[PDB]
Structures are given as C-alpha cells and as structure tokens.
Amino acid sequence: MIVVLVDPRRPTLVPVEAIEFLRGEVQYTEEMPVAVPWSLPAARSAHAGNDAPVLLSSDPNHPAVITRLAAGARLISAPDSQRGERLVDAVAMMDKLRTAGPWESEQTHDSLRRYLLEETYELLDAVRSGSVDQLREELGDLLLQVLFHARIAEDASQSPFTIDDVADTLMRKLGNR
C-alpha cells in the first residue's frame, strides 16, 4: 500500500510525512542499517512473513519496491539527492585509498607536483579534440589531484586543512568578486 524511500546517503533518517505510517507493521529491505529495526518497534525484514502495508527502503531498484510501486502503492520519498553528492562519495574513496595505498600513503605535495602539470595538458588536449567522452575523463583526473592534495594537507603538522576548507576558500573568494 505504501512505499517509503529514504536518502541512501542518510538511510537512518525518514521523511517527516511517513512517521505515522511507520509505527505500524512495516517491512524494511536488507540494505537498511541495523539502526532502523531497533528504532521501529514492530518492523521486520521484507523476506519475512507476508507483505506489510508499508515497506521501508533506500534502494529504488529493489524488487519489492518495483513490485509494490507497479501494483499502485503510494510513494512517500525523501528529497532527491543534490547536484554534487557523488563528490562526497569521491573524497571518502580518496581518504580510504590514502591509508590503504602503499604508494598513495607515502606521496606528498612535491611527489604530486610532477603529475599535475601533465594532467592539465591532457585536459587541454581533450578540449581541443572536441570529444565529450574524454574531456570528462581528464576532468576527473584534475579533480583527483584536488582531492589528493587536500587529503594530504589533513596529515599537515602545521596549519592543516581539509577539502571542506578549500571549498570554503573558493566560495569566500567568489563572494567579494
């Protein structure tokens, strides 16, 4: 009857419109964090029992979600993700590979200064080649440099900063203009 889709990057928060429908019998999909069944008193898994009048999930592709939606269940959904949230996914993967990476762990600002001027020229070649499918790839290569130098400046022993401070630096500079 009702399908509740939450933000996958905040699967622990629910849309305010759904809380009355969340205190009864609900089913949660298997990718929901363990925090949800411990907060919802009378909830259970979507592979347990018969179908519940409301199913709580974060995966729009999950078969049960597609099932009940096709059968005319009403959807109560969290707002769509905002432009640039995969970027937050990106800095997390940069943080992960910085520690686990043998090479990536010992690299510093000077050991990266060599690569930067190369990747700029490859981006200039992409622009002049007119092909959209590698302007995008080299654009990623330049973003990788910005996230690497930023993750390194965290390990800074004097005046260390993060990717959130450079974003503040950029925004504060566009504001005086």
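Residue indices: 1-based, along the sequence shown.
Which is higher on average in the deposited entry, the C-alpha temperature factors of 5-13 or of 149-157?
Mean B over CA atoms: larger for 149-157.
Look over 93-101 and 78-86 in the entry and identify the one with the greater average Cα temperature factor.
Comparing averages over the C-alpha atoms only gives 93-101.
Within this chain, which third does the Cα B-factor at residue 28 fall in: lowest, middle or highest?
It belongs to the lowest third of the chain when residues are ordered by C-alpha B-factor.
Please rank the C-alpha B-factors of the chain's modelled residues and tell me whether residue 64 sits in the lowest, middle or highest third.
Its C-alpha B-factor belongs to the lowest third of this chain's values.
Split the chain's modelled residues into thirds by Cα B-factor; is residue 44 in the lowest, middle or highest one?
For residue 44, the deposited C-alpha B-factor lands in the lowest third.
Ranking the modelled residues of this chain by C-alpha B-factor as given in the entry, is residue 144 in the lowest, middle or highest third?
It falls in the middle third of the chain.
Please rank the C-alpha B-factors of the chain's modelled residues and tell me whether residue 173 sits in the lowest, middle or highest third.
For residue 173, whose C-alpha B-factor we compare with every modelled residue in the chain, the answer is the middle third.
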